[PDB]
Ligand SMILES: Nc1ncnc2c1ncn2[C@@H]1O[C@H](COP(=O)(O)OP(=O)(O)O)[C@@H](O)[C@H]1O
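Residue numbers (UniProt numbering), protein chains in the order written: chain V, 609 to 657; chain U, 512 to 560; chain Z, 707 to 754.
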């Protein structure tokens with residue numbers, strides 16, 4: 609739900625229910641080897657090396 | 512046109528300079544930086560309070 | 707089977723159109739099916 613380009617725009621957390629709008633944020637991910645990451649998650653982002 | 516989201520990943524031997532270039536992009540693009548390790552967590556509440 | 711998820715998609719697309727209006731260039735966004743992949747990015751699923 610965080611990393612979905614669309615659903616970040618209405619991110620919500622248990623403390624303050626109201627949606628937040630993360631749409632402009634630039635997430636990045638770092639993994640020592642890209643394969644161990646579960647398939648549904650690995651498949652979205654590109655695995656630059 | 513405007514910025515667009517996409518997720519991306521970097522991977523390679525530890526200590527290749529990954530995070531340093533990450534921050535370099537944060538000051539390249541001029542966006543604000545904030546690192547957030549997530550190695551080995553399972554308490555989803557940390558991501559949502 | 708529910709329509710809530712399509713309502714979220716079209717919402718996101720619309721709000722991006724609002725962002726193209728209120729500060730962006732066009733005074734009248736004109737969505738077309740070929741255009742949509744611009745707004746909401748590339749299709750994810752295809753192979754039913
Ligand atoms: N091409 C490079 N130029 C300058 N410093 C580098 C380069 N490659 C690696 N480093 C240094 O190596 C270290 C590696 O750190 P970093 O990418 O920040 O996280 P990690 O240690 O996980 O790689 C940094 O201190 C960085 O300055």
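Yeah, the Cβ is synthetic: ideal placement off N, Cα and C, and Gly gets one too.
In whole angstroms, give me the CA-to-CA distance for residue i and residue j.
i, j, result
"residue 542(U)", "residue 524(U)", "27 Å"
"residue 739(Z)", "residue 559(U)", "36 Å"
"residue 626(V)", "residue 714(Z)", "15 Å"
"residue 709(Z)", "residue 535(U)", "43 Å"
"residue 544(U)", "residue 724(Z)", "27 Å"
"residue 522(U)", "residue 630(V)", "25 Å"
"residue 717(Z)", "residue 547(U)", "29 Å"
"residue 550(U)", "residue 518(U)", "18 Å"
"residue 726(Z)", "residue 735(Z)", "7 Å"
"residue 520(U)", "residue 654(V)", "6 Å"
"residue 719(Z)", "residue 646(V)", "29 Å"
"residue 623(V)", "residue 554(U)", "15 Å"
"residue 559(V)", "residue 732(Z)", "What the structure shows of chain V is the stretch from 609 to 657, and residue 559(V) is not part of that stretch, so it cannot be assessed."
"residue 632(V)", "residue 754(Z)", "31 Å"
"residue 657(V)", "residue 642(V)", "9 Å"
"residue 516(U)", "residue 747(Z)", "8 Å"
"residue 540(U)", "residue 614(V)", "22 Å"
Keeping to the same chain, check which residues put their C-beta closer than 7 Å to that of residue i; ignore five residues upstream and five downstream.
i, result
"residue 610(V)", "616, 619"
"residue 722(Z)", "745"
Can you check DSSP and say which residues form a bridge with residue i?
i, result
"residue 638(V)", "521(U)"
"residue 619(V)", "628(V)"
"residue 655(V)", "520(U)"
Please state whether DSSP places residue i in a helix, a strand or coil.
i, result
"residue 717(Z)", "helix"
"residue 726(Z)", "helix"
"residue 741(Z)", "helix"
"residue 749(Z)", "coil"
"residue 535(U)", "helix"
"residue 732(Z)", "coil"
"residue 648(V)", "helix"
"residue 711(Z)", "helix"
"residue 553(U)", "coil"
"residue 530(U)", "helix"
"residue 610(V)", "coil"
Any 3 or more C-beta pairs closer than 8 Å across the segment 516 to 533 of chain U and the segment 626 to 643 of chain V: Between the segment 516 to 533 of chain U and the segment 626 to 643 of chain V there are three or more C-beta pairs closer than 8 Å, enough to call the two in contact.
- prompt: Around ligand 2, what residues have a beta-carbon under 6 Å from a heavy atom of it, in chain order?
  reply: Annotation note on ligand 2: not contained in the displayed structure, which lists ligand 1 as its ligands.
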